[PDB]
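These notes are about the structure you will find just below.
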Amino acid sequence: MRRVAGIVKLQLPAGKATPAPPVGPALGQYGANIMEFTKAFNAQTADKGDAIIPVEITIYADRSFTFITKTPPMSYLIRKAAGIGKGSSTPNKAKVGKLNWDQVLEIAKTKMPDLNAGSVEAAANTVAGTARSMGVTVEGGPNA
Amino acid sequence: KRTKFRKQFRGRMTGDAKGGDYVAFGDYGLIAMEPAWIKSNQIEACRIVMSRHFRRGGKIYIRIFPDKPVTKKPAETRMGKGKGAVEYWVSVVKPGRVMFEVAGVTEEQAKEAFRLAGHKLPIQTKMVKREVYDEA
Amino acid sequence: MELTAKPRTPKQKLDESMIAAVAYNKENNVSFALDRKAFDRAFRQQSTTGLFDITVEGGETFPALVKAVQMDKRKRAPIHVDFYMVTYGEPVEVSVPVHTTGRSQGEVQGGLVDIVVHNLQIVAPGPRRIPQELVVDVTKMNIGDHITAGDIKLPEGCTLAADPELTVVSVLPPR
RNA sequence: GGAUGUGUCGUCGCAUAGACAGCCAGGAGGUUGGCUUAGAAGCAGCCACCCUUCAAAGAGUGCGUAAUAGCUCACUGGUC
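Chains as they are written, first to last, in this note's numbering: chain A, 1193 to 1336; chain B, 1049 to 1184; chain C, 140 to 314.
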C-alpha cells in the first residue's frame, strides 16, 4: 500500500499452510503477497521434510517480498532419536537419549551457510551444545 | 512457637547476652543489638519471610526460642483478683545474641533475606560471617 | 607483630587500639598488649593454626600459636587473647577448617553441601608444619551421603581427636 | 524507617597495562535453549548456565508485545 521497507525475522513450520496465529497480520502488514508464499515456500518444504525450518523475510514495498529459507532444527530428529515427541521436563534431572557423532555430520553439513565456525571439531561441538540443555546425553568425546 | 508442657507464669529483668555470640551451623548470621522480648509470631514472621526468599531450599537455623510466658489481664478489670492468664510467648533475646543462621546461599541472598527479616523485627540488628571459633 | 608493655594496668593502651594478651611457654609466662590493626590482619591471615613471630619491646623474639580469643559480645571485636608459645617437635591439638572442593553431584539433582562440623580438631602434626586447611572431595557424594571423620586424608604424622564415625561434611536433600 | 548533609577514622576495589563520568560503535551464530503454553521466542512460572567468531560481545539487566519485532545495559576499542 506504500513504500516503508522492512527487514523482518521470524520462524514458520515447513509443511503446513499457516492460519491466523502464525502469519496473517505479522508480516502482511508491511506489504507483501500471501497468495504466492503458500505456493512458494510450501513447495520448498518438499525438499527437507518434517521440521520447523527458519525463514527471514525482507519486504521492499507494493507487492514485493524476498525470503531466505535456512535449516531444519534437528530437535525434531533428536526427539525422534530417542522416543519423546516433547522435550525433557529438565535437562539435568530427566534425560532423553543419545545421538551419534555421525548424526552431527548432517547437522554441520546442512548448516554450512550457518555456523561461522571453521574446522570439523568446532562445527561439531557447536550443535553438540544445542543437545546439552535439550536434555540428551552425548555419545563420545576424546580418547576411546 | 510454643513450648509443650511447663510450669505456667514468670517475670522480667535484664543485662547482656550469655551464650551465644558466635556463628555455628552456618556461614551467615543475624544478631540482635537491643534487649528486646521476642514473640513467637515475630519469629514465625522472620522464618516465613526468609523461607520464601530462599525459595527451595537454602538452610535456616532459628536459634532463638520463646520459652517465656507473658500474661495480660482480661479486658476492663480492676487490678488484683489474680494474675493475668498467658496471653502469648516471648524469647528474651539480649544484645549480641545470634538470632539467625543461614547458609547454602550467596552473600547477596543472605543480605537480602536478612534485611527482609529485620524490617519485621522489634529491634535493630546486624549481619556477620564466622571466625568466632570460641569453640566448635 | 611487636607488642610493648604488659602491666596489669590497661589505661596505657585501651583506646589506642591495642588488645590485652598473654603468651605462655608452659614454663615461661608473659602478659602484654598488641596493636589491634596488626593482630587483625594477622589472625585473619593465619587463624588458630597460625604460627607467627613475637618480639617483645626488650629484644627477645619468640614464635607462637593462637589458643583462644575473647570478644566484646555487643561490639563484636577482640578485647583479649590467649596465646600458646610453640615448642618444636610436638605441640598441642590443632583445630582446622573442613573445606569442600568441586561441584558435588548432590547440588545437581536436588540438595546441597552442608559442612555439619566446620572445625575439626586433630591431634598433632609436628609443629613447624601444621595443616592450615583440610580439603575434602565431595564430587562422589550424592544426596543422603554422610562423610564420617575417618575418611579424611590426614597429611602424615597426624591423628584424629575426633570420634571418626562422627558426621562431617554431609549433603542434604531439598525443601 | 529513610537520606551523594558535613567532620573523623577503618575496610576493600579499580586505575602511568590509561580507569570512574562523558562521547562514537559493536553488541553477537547456533537458538523461539528445554520445560509450560491459546502463544512465552533474554524478559508470567520449573531445570542448566555449553560452543562458535574475536581486540569485545553474557540462554543476558530494565522498559516493551496478547507473543514478535523494538530501546539499553554487563564486555571491548577509540577518545581523553
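We put the beta carbon where it would ideally sit given N, CA and C, even for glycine.
**Asked** Just checking my contact of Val1097 of chain B with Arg1178 of chain B at CB under 8 Å: how many whole Å lie between their CB atoms?
**Response** At roughly 23 Å, the Cβ-Cβ gap does not stay under 8 Å, so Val1097 of chain B and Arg1178 of chain B are not in contact.
**Request:** Determine the chain B residues that contact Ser243 of chain C at a beta-carbon separation under 8 Å, and present them in chain order.
**Result:** Residues of chain B passing the Cβ test: none, with the nearest at roughly 12 Å.
**Asked** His257 of chain C versus chain B: which residues are under 7 Å apart at the beta carbon?
**Response** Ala1184
**Asked** For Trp1137 of chain B, which residues does DSSP report across the bridge?
**Response** B:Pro1117
**Request:** Would you kindly check if the distance between the Cβ of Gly1241 of chain A and the Cβ of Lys1287 of chain A is under 7 Å?
**Result:** no
**Message:** What does the alpha-carbon distance come out to for the pair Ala1232 of chain A and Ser243 of chain C?
**Reply:** 54 Å
**Asked** Is DSSP giving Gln1203 of chain A helix, strand or coil here?
**Response** coil
**Prompt:** CB-CB under 8 Å to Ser156 of chain C, same chain, minus the five flanking residues each way: which ones, in chain order?
**Reply:** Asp174, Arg175, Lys176
**Message:** For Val161 of chain C and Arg268 of chain C, I'd like the C-alpha separation in whole angstroms.
**Reply:** 23 Å
**Any C-beta of chain C under 7 Å from that of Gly1152 of chain B** = yes
**Beta bridge counterpart(s) of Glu1124 of chain B as assigned by DSSP** = The partner list for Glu1124 of chain B (beta bridge, DSSP) is empty, contrary to what the question assumes.
**Asked** What in chain C is Cβ-close to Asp1069 of chain B, meaning under 8 Å?
**Response** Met210, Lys212, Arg215
**Prompt:** So which residues of chain B does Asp253 of chain C contact, with C-beta pairs closer than 8 Å?
**Reply:** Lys1107, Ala1151, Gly1152
**Message:** Once DSSP output is grouped into helix, strand and coil, what is the label at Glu1160 of chain B?
**Reply:** helix
**Prompt:** What residue from C:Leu251, C:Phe178, C:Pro149, C:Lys145 has the CA that sits closest to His285 of chain C's CA?
**Reply:** C:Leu251
**Request:** Excluding the 5 residues preceding and the 5 following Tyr1109 of chain B in the sequence, name in chain order all residues of the same chain whose CB lies nearer than 6 Å to its CB.
**Result:** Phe1073, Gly1074, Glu1149
**Message:** Any beta carbon of chain C sitting closer than 7 Å to that of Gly1144 of chain B?
**Reply:** yes
**Message:** When you compare the CB of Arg1095 of chain B with every CB in chain C, is at least one pair closer than 7 Å?
**Reply:** no
**Message:** Going by C-alpha to C-alpha distance, which of C:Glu246, C:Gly249, C:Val235 sits closest to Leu299 of chain C?
**Reply:** C:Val235
**Supposed close pair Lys1142 of chain B, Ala1065 of chain B - CB separation, criterion 8 Å** = 4 Å
**For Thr1258 of chain A, the first and last residue of its enclosing beta strand (DSSP E)** = 1258 to 1261
**Asked** If you compare alpha carbons, which of A:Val1200, A:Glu1298, A:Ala1315, A:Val1247 is closest to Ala1206 of chain A?
**Response** A:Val1247
**Asked** Quick one: Cα of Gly1106 of chain B to Cα of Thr187 of chain C, how far?
**Response** 29 Å
**Message:** Would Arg175 of chain C pass as an interface residue toward chain B - the criterion being a Cβ-Cβ separation below 7 Å?
**Reply:** no
**Request:** Establish whether the CB of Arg180 of chain C and some CB of chain B are separated by less than 7 Å.
**Result:** no
**Message:** According to DSSP, simplified to helix, strand and coil, what is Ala144 of chain C?
**Reply:** coil
**Prompt:** Around the C-beta of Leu153 of chain C, are 16 or more other C-beta atoms found within 10 angstroms, so that it is buried, or is it exposed?
**Reply:** exposed
**Prompt:** Starting from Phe191 of chain C and walking both ways along the beta strand (DSSP E), at which residues does that stretch end?
**Reply:** 191 to 194
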